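Since the structure comes first, as structure tokens, the remarks are kept for the end.
Convention: sequence-line order gives letters A, B, ...; per-chain numbering from 1. In listed order, ligands and their atoms are each counted from 1.
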Amino acid sequence: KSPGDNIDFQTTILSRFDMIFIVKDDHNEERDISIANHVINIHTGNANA
Amino acid sequence: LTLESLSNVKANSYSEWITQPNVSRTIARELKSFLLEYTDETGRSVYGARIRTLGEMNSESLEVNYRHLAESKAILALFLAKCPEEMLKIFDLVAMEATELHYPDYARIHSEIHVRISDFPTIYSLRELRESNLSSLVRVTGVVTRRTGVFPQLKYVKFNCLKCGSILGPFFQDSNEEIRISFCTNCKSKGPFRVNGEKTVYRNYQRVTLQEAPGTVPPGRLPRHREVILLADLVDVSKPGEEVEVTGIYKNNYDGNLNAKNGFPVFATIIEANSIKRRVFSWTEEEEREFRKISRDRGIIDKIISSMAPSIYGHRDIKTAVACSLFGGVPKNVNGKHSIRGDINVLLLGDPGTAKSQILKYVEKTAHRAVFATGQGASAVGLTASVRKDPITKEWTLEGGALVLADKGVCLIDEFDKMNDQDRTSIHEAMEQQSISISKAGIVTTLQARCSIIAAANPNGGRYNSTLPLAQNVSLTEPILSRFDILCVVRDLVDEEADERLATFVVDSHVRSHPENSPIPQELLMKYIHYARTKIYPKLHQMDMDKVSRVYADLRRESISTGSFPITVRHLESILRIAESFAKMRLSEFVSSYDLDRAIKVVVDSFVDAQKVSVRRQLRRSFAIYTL
Ligand SMILES: Nc1ncnc2c1ncn2[C@@H]1O[C@H](COP(=O)(O)OP(=O)(O)OP(O)(O)=S)[C@@H](O)[C@H]1O
Ligand SMILES: [Mg+2]
Ligand SMILES: [Zn+2]
């Protein structure tokens, strides 16, 4: 689908924003391992230190 | 005089009889003797022990049993029953002297002792009060509906003269009528005297509306109500909505020019409460040791889950989700910037007749602070915060709603699918940032709404569809479905064996409920749950990391295989949050691998049950290791 087809609003609204980001679901093993490690770091308290 | 001479009366009425000074001092002497010498033939004086206890705890209340006074001094019990005001004043002076003998400096500290008569024999309902009960002692049952704020009432009134400026000595204030002053003793004038509240001493005052309990009311009739006046030590003892027994003097209100609407000289009546008796998550030191003893057992989690909702049969997964929601996790603010929610949100999506309402009621009885709200009905606390003006008082109040009121607690929402837009925005904000922002009537503020949410909903059309997935089965949009940690889909598939035990359970409840006819007991479980929420705060260590990243990577790619809705980071955080509630049931400061595996099982089972029938059969074989 188009980026304007994915949004549930008018495409002219997109023009009013200076920077638009399209955040992607990578669906990769090595990225999932790293992000899981990061979240467990946050929950453990190693991230705070 | 003597007791037999006290029984004989010379005055016109009993009030003027007790009013006589010789009779009054005889009554005071006999009451002092009775307070001193009374025993139950066990070698112990109960009233001496009561005086010592109230002296040691610095109390102004002496609880005196009516049966003890009745068996020993029957004429004094009759005098207390029929003319209670002056009798209670005399025996208050008697008890004050008795406390003075025990403690000499108690008088300067307190200077007042209130005697609470207990176990009055006759019990009246509110509908059977007549004028014969006026100015007499009455014991009535009732449910408290509303109570006023505590107000200062004048007790030792001090005046000042406007001509001289001197402060004139204190006078005791009768609670029945206003007192006034006409002489100065310094100016020898009747000039204008003003009350100064700086030197005046006050007592607490409260008004409580008491109605007849609806069970005792006859069918066609309406419940009668009375106003009960609570004095200094008795204020704020009765929460509205609870049923109590009040003993007090039944008396008339005095109002100017009576009632002009009726056309008859009609008086309003009140109960001046001598005593309040009620028909708490505090643990002792022994209860903590018993909690450690029962938490040392290996099957503590199984036993807690089995103790969840005894009236509910066969719904073990729901009971597990309720146990996680009641125990809760640890909310964590890492380095201030990043915040992670630490309470479990459970959504029970089920067909009608699956006993979700009974589960919500059980959580309400069980949890410390549980607020019940409904989308469809009206007689409940609203979910939206508001600022409202009372149509009578003309005074504005800010109410946070059910979500703010359940802060550090539980919000139980029945009929989740039937909300309007404003409620949907309110619960969306509460599950998003755990706060409620209000900008109304000049008030701009944010209220804390860190409340765990347990909700009950029905599928579209009244029946759940297995071929359709979870998003199509509810009107709930995907972001509000994502905020829930546990998603319990319940369908009553017709199995003859299950229906047999369910029907047997219902019929056995019906038979035992007839008037003519392993689990932790709930009182202990309630305090165990409260202790775990405030004492444990479980944590996990860094070497347990290599497994959770292992399973989560094995999670997501399987969601890639079938094309279902994805496993996000919220599922990992739900795993790590539910595991911190399993370690709270064990009362353990660390999170073990078994609690983590059980949390993985709960999250995976909630994820698979939410799938369509095609996705579910593929997902069950791949995650059979985690589900076991
Ligand atoms: N597993 C069960 N164990 C015990 N009682 C049950 C069970 N399932 C249903 N019931 C009974 O069935 C009745 C269902 O009443 P409610 O729980 O009030 O209705 P509901 O389940 O909330 O569904 P609604 O209100 O129609 S959406 C109650 O009398 C329950 O006691
Ligand atoms: Mg219901
Ligand atoms: Zn004066």
Atom CZ of B:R224 with >12 non-hydrogen neighbours under 6.0 angstrom: no
Atom CZ of B:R146: over 12 foreign heavy atoms under 6.0 Å: no
Stepwise side-chain hydrogen bond (donor to acceptor under 3.5 Å, both in side chains) test for B:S592 and B:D595: CA-CA 5 Å; B:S592 50; B:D595 286 328; 3.2 Å; yes
Shortest protein heavy-atom distance from [atom], along with the residue and atom involved:
| atom | result |
| --- | --- |
| atom 3 (N) of ligand 1 | B:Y313 N, 3.3 Å |
| atom 21 (O) of ligand 1 | B:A355 N, 2.7 Å |
| atom 12 (O) of ligand 1 | B:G353 O, 4.3 Å |
| atom 22 (O) of ligand 1 | B:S357 OG, 2.6 Å |

At the Zn ion (ligand 3): angle between B:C184 atom SG and B:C164 atom SG, to 10 degrees: 110°
Whether B:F327 and B:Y528 hold their rings parallel, tilted or perpendicular, with breakpoints at 30° and 60°: perpendicular
Measure from [atom] to every heavy atom in [options] and give the option owning the shortest one.
| atom | options | answer |
| --- | --- | --- |
| atom 27 (S) of ligand 1 | B:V490, B:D492, B:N458 | B:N458 |
| atom 2 (C) of ligand 1 | B:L502, B:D414, B:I312 | B:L502 |
| atom 15 (O) of ligand 1 | B:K356, B:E415, B:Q358, B:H315 | B:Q358 |

Geometric cation-pi criterion, B:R598 with B:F582: 6.0 Å, 45°: yes
Quiz item: cation-pi between B:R203 and B:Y156, 6.0 Å / 45°: no
Approximate separation, where rounding is to 0.5 Å, of B:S475 OG and B:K418 NZ: 7.5 Å
B:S311 and ligand 1 - part of the residue with a heavy-atom distance under 4.0 Å: backbone
Protein contact for atom 9 (C) of ligand 1 (heavy atom, distance under 4.0 Å): yes
